[PDB]
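Novice: My structure is stored as data_37.cif, with mmCIF, N, CA and C atoms.
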```
data_start
loop_
_atom_site.label_atom_id
_atom_site.label_comp_id
_atom_site.auth_asym_id
_atom_site.auth_seq_id
_atom_site.Cartn_x
_atom_site.Cartn_y
_atom_site.Cartn_z
N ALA B 1 74.51 -24.41 25.94
CA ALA B 1 73.88 -23.13 25.52
C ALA B 1 73.63 -23.11 24.02
N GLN B 2 74.49 -23.79 23.29
CA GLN B 2 74.34 -23.94 21.85
C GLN B 2 74.87 -25.30 21.42
N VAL B 3 74.12 -25.98 20.56
CA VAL B 3 74.46 -27.34 20.17
C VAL B 3 74.21 -27.56 18.68
N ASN B 4 75.11 -28.30 18.03
CA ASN B 4 74.96 -28.63 16.62
C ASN B 4 75.12 -30.13 16.42
N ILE B 5 74.03 -30.80 16.08
CA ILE B 5 74.03 -32.24 15.90
C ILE B 5 73.21 -32.59 14.66
N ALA B 6 73.48 -33.76 14.08
CA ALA B 6 72.87 -34.16 12.83
C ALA B 6 73.00 -35.67 12.65
N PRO B 7 72.21 -36.27 11.73
CA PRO B 7 72.17 -37.72 11.49
C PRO B 7 73.53 -38.40 11.57
N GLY B 8 73.56 -39.54 12.25
CA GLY B 8 74.77 -40.30 12.42
C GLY B 8 74.49 -41.57 13.19
N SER B 9 74.31 -41.41 14.49
CA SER B 9 73.94 -42.50 15.39
C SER B 9 73.98 -41.95 16.80
N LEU B 10 73.13 -42.43 17.72
CA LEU B 10 73.05 -41.83 19.05
C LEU B 10 74.42 -41.82 19.73
N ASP B 11 75.14 -42.93 19.60
CA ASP B 11 76.49 -43.06 20.16
C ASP B 11 77.39 -41.90 19.76
N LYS B 12 77.52 -41.65 18.47
CA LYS B 12 78.35 -40.56 17.98
C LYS B 12 77.80 -39.20 18.40
N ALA B 13 76.48 -39.12 18.59
CA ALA B 13 75.85 -37.87 19.01
C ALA B 13 76.32 -37.48 20.40
N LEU B 14 76.17 -38.40 21.35
CA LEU B 14 76.64 -38.20 22.72
C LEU B 14 78.14 -37.96 22.75
N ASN B 15 78.87 -38.68 21.90
CA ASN B 15 80.32 -38.53 21.81
C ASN B 15 80.66 -37.09 21.42
N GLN B 16 79.96 -36.59 20.41
CA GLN B 16 80.18 -35.23 19.92
C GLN B 16 79.87 -34.20 21.01
N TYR B 17 78.79 -34.41 21.76
CA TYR B 17 78.39 -33.45 22.79
C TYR B 17 79.43 -33.44 23.91
N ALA B 18 79.93 -34.63 24.25
CA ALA B 18 80.97 -34.77 25.28
C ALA B 18 82.16 -33.86 25.00
N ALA B 19 82.58 -33.80 23.74
CA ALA B 19 83.72 -32.99 23.34
C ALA B 19 83.47 -31.50 23.58
N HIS B 20 82.20 -31.12 23.63
CA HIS B 20 81.80 -29.72 23.82
C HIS B 20 82.23 -29.18 25.19
N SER B 21 81.71 -29.75 26.27
CA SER B 21 81.95 -29.18 27.59
C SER B 21 83.05 -29.93 28.36
N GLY B 22 83.54 -31.02 27.78
CA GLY B 22 84.62 -31.78 28.39
C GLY B 22 84.21 -32.47 29.68
N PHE B 23 83.07 -33.15 29.66
CA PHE B 23 82.59 -33.89 30.82
C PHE B 23 82.81 -35.38 30.61
N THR B 24 82.58 -36.17 31.66
CA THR B 24 82.86 -37.60 31.61
C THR B 24 81.60 -38.41 31.30
N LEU B 25 81.68 -39.19 30.22
CA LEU B 25 80.59 -40.06 29.81
C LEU B 25 80.79 -41.47 30.32
N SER B 26 79.70 -42.12 30.69
CA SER B 26 79.73 -43.52 31.05
C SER B 26 78.75 -44.28 30.16
N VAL B 27 79.26 -44.78 29.03
CA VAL B 27 78.43 -45.43 28.04
C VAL B 27 79.22 -46.52 27.31
N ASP B 28 78.58 -47.66 27.08
CA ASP B 28 79.21 -48.75 26.36
C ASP B 28 78.71 -48.80 24.93
N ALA B 29 79.65 -48.91 23.98
CA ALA B 29 79.34 -49.01 22.56
C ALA B 29 78.54 -50.27 22.22
N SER B 30 77.29 -50.30 22.65
CA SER B 30 76.42 -51.45 22.45
C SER B 30 74.97 -51.06 22.68
N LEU B 31 74.71 -50.39 23.80
CA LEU B 31 73.38 -49.89 24.10
C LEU B 31 72.97 -48.85 23.07
N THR B 32 73.93 -48.02 22.67
CA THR B 32 73.69 -46.98 21.68
C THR B 32 73.99 -47.47 20.27
N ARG B 33 74.34 -48.74 20.16
CA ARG B 33 74.78 -49.31 18.89
C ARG B 33 73.60 -49.54 17.96
N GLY B 34 73.47 -48.71 16.93
CA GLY B 34 72.48 -48.95 15.90
C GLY B 34 71.46 -47.85 15.77
N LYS B 35 70.92 -47.38 16.89
CA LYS B 35 69.84 -46.40 16.86
C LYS B 35 70.31 -45.06 16.33
N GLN B 36 69.49 -44.47 15.49
CA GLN B 36 69.81 -43.24 14.80
C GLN B 36 69.08 -42.07 15.45
N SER B 37 69.63 -40.87 15.35
CA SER B 37 68.99 -39.68 15.85
C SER B 37 69.11 -38.62 14.76
N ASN B 38 67.98 -38.09 14.32
CA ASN B 38 67.95 -37.16 13.19
C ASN B 38 68.62 -35.82 13.50
N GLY B 39 69.19 -35.70 14.69
CA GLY B 39 70.02 -34.56 14.99
C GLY B 39 69.36 -33.58 15.93
N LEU B 40 70.04 -32.47 16.20
CA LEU B 40 69.56 -31.48 17.15
C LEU B 40 70.27 -30.16 16.87
N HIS B 41 69.53 -29.10 16.62
CA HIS B 41 70.15 -27.82 16.33
C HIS B 41 69.32 -26.67 16.90
N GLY B 42 69.74 -26.20 18.06
CA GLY B 42 69.09 -25.07 18.69
C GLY B 42 69.90 -24.54 19.86
N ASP B 43 69.29 -23.65 20.64
CA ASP B 43 69.91 -23.14 21.85
C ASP B 43 69.69 -24.13 22.99
N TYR B 44 70.46 -25.21 22.98
CA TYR B 44 70.29 -26.28 23.95
C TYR B 44 71.41 -26.30 24.97
N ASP B 45 71.05 -26.52 26.22
CA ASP B 45 72.02 -26.71 27.27
C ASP B 45 72.13 -28.20 27.59
N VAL B 46 72.83 -28.54 28.66
CA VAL B 46 73.13 -29.93 29.00
C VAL B 46 71.88 -30.82 29.02
N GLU B 47 71.03 -30.63 30.02
CA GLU B 47 69.89 -31.52 30.26
C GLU B 47 68.87 -31.47 29.12
N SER B 48 68.61 -30.28 28.60
CA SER B 48 67.57 -30.11 27.60
C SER B 48 67.99 -30.72 26.27
N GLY B 49 69.30 -30.80 26.05
CA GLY B 49 69.81 -31.38 24.83
C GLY B 49 69.64 -32.88 24.82
N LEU B 50 69.82 -33.50 25.98
CA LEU B 50 69.71 -34.94 26.11
C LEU B 50 68.27 -35.40 25.90
N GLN B 51 67.34 -34.65 26.49
CA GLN B 51 65.93 -34.96 26.38
C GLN B 51 65.49 -35.02 24.92
N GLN B 52 65.96 -34.08 24.11
CA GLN B 52 65.67 -34.08 22.69
C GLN B 52 66.39 -35.22 21.96
N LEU B 53 67.62 -35.51 22.38
CA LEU B 53 68.41 -36.60 21.79
C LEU B 53 67.70 -37.95 21.90
N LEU B 54 66.72 -38.03 22.79
CA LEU B 54 65.94 -39.24 22.96
C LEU B 54 65.03 -39.48 21.75
N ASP B 55 64.90 -38.47 20.89
CA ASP B 55 64.09 -38.57 19.68
C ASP B 55 64.72 -39.56 18.71
N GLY B 56 64.08 -40.70 18.55
CA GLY B 56 64.59 -41.73 17.67
C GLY B 56 65.19 -42.89 18.43
N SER B 57 65.29 -42.74 19.74
CA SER B 57 65.86 -43.77 20.59
C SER B 57 64.87 -44.22 21.65
N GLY B 58 65.20 -45.30 22.33
CA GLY B 58 64.42 -45.74 23.47
C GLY B 58 65.27 -45.79 24.71
N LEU B 59 66.43 -45.14 24.65
CA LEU B 59 67.36 -45.13 25.77
C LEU B 59 67.10 -43.91 26.63
N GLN B 60 67.88 -43.74 27.70
CA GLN B 60 67.74 -42.59 28.56
C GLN B 60 69.13 -42.11 28.96
N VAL B 61 69.48 -40.89 28.58
CA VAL B 61 70.76 -40.33 28.97
C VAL B 61 70.62 -39.66 30.33
N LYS B 62 71.28 -40.21 31.33
CA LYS B 62 71.08 -39.78 32.70
C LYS B 62 72.36 -39.17 33.25
N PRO B 63 72.33 -37.88 33.60
CA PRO B 63 73.47 -37.20 34.21
C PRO B 63 73.99 -37.96 35.43
N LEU B 64 75.26 -38.34 35.38
CA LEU B 64 75.88 -39.11 36.45
C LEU B 64 76.00 -38.25 37.70
N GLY B 65 76.62 -37.09 37.54
CA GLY B 65 76.77 -36.17 38.64
C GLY B 65 77.57 -34.97 38.21
N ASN B 66 77.29 -33.81 38.81
CA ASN B 66 77.98 -32.56 38.49
C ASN B 66 77.69 -32.12 37.06
N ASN B 67 78.41 -32.70 36.11
CA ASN B 67 78.25 -32.34 34.70
C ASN B 67 78.51 -33.58 33.84
N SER B 68 78.55 -34.75 34.46
CA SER B 68 78.90 -35.97 33.75
C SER B 68 77.63 -36.76 33.49
N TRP B 69 77.72 -37.87 32.75
CA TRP B 69 76.52 -38.60 32.35
C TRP B 69 76.77 -40.10 32.45
N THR B 70 75.69 -40.86 32.49
CA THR B 70 75.76 -42.30 32.36
C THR B 70 74.56 -42.77 31.55
N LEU B 71 74.71 -43.85 30.80
CA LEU B 71 73.62 -44.32 29.98
C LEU B 71 72.79 -45.34 30.74
N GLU B 72 71.63 -44.90 31.17
CA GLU B 72 70.73 -45.75 31.92
C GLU B 72 69.84 -46.53 30.97
N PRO B 73 69.93 -47.86 31.01
CA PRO B 73 69.16 -48.72 30.13
C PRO B 73 67.76 -48.98 30.65
N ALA B 74 66.78 -48.50 29.91
CA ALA B 74 65.38 -48.76 30.21
C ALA B 74 64.52 -48.46 28.99
N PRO B 75 64.75 -49.18 27.87
CA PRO B 75 64.01 -48.97 26.63
C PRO B 75 62.58 -49.48 26.75
N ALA B 76 62.44 -50.79 26.69
CA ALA B 76 61.20 -51.45 27.04
C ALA B 76 61.53 -52.76 27.74
N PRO B 77 62.31 -52.68 28.83
CA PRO B 77 62.88 -53.85 29.48
C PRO B 77 61.91 -54.46 30.48
N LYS B 78 60.82 -53.72 30.68
CA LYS B 78 59.66 -54.16 31.44
C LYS B 78 58.67 -53.00 31.50
N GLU B 79 57.41 -53.29 31.22
CA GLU B 79 56.37 -52.27 31.33
C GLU B 79 55.81 -52.27 32.75
N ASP B 80 56.72 -52.27 33.70
CA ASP B 80 56.39 -52.31 35.11
C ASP B 80 56.93 -51.06 35.80
#
```
Before we go any further, please render this structure as structure tokens.

Specialist:
Amino acid sequence: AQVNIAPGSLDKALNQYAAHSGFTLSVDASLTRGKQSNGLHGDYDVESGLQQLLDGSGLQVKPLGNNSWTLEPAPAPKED
């Protein structure tokens, strides 16, 4: 419903959001390793926050189930 994020790295961004609602993340410190996200500050909920977090990345944050997430790798792994 409300989110506060800022420059750091996508990994730490998702990490920070996780602490908010206390859900389970499935992500390895490698796919998110390096890419930066200029942050996010608005009235954002779960799904809508992730979609914006894609700004600056080529990854896809995919809700695992219920309220949890998993990092689905599909940057440019094939234009098929």

Novice: In chain B, what's strand (DSSP E or B) per DSSP? Answer as JSON, numbers by chain?

Specialist: {"B": [3, 4, 5, 25, 26, 40, 41, 42, 60, 61, 62, 63, 64, 65, 68, 69, 70, 71, 72]}

Novice: Written as a PyMOL selection string, which residues does the PyMOL selection byres (((chain B and resi 26-39 and name CA) around 9) and name CA) give for the file shown?

Specialist: chain B and resi 4-13+24-25+40-41+52-59+64+68-73

Novice: List every residue of segment 5-70 of chain B that DSSP, applied to the backbone of this structure, assigns to helix (DSSP H, G or I), and report them as a ChimeraX atom specification.

Specialist: /B:10-21,46-53

Novice: Distance atom C of residue 2 of chain B-atom N of residue 74 of chain B, one decimal place?

Specialist: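 About the pair atom C of residue 2 of chain B and atom N of residue 74 of chain B: they are 26.0 Å apart.
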
Novice: Just the residues within 12 Å of residue 46 of chain B, please, counting only C-alpha atoms, with nothing from its chain fewer than 5 positions along; format it as a ChimeraX atom specification.

Specialist: /B:1-3,14,17-18,20-23,51-53,61-63,66-69

Novice: What does the distance between atom C of residue 60 of chain B and atom C of residue 47 of chain B come to in Å, to one decimal place?

Specialist: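 Interatomic distance here is 10.6 Å.
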
Novice: Each side padded by 5 Å, which centre and which edge lengths in Å (one decimal) define the axis-aligned box around the listed atoms of segment 5-14 of chain B? Give them as JSON.

Specialist:
```
{"center_x": 75.3, "center_y": -36.9, "center_z": 17.1, "size_x": 16.2, "size_y": 22.3, "size_z": 21.3}
```

Novice: Work out how far atom CA of residue 80 of chain B is from atom C of residue 50 of chain B, in Å to one decimal.

Specialist: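 Atom-to-atom, atom C of residue 50 of chain B and atom CA of residue 80 of chain B are spaced 22.6 Å apart.
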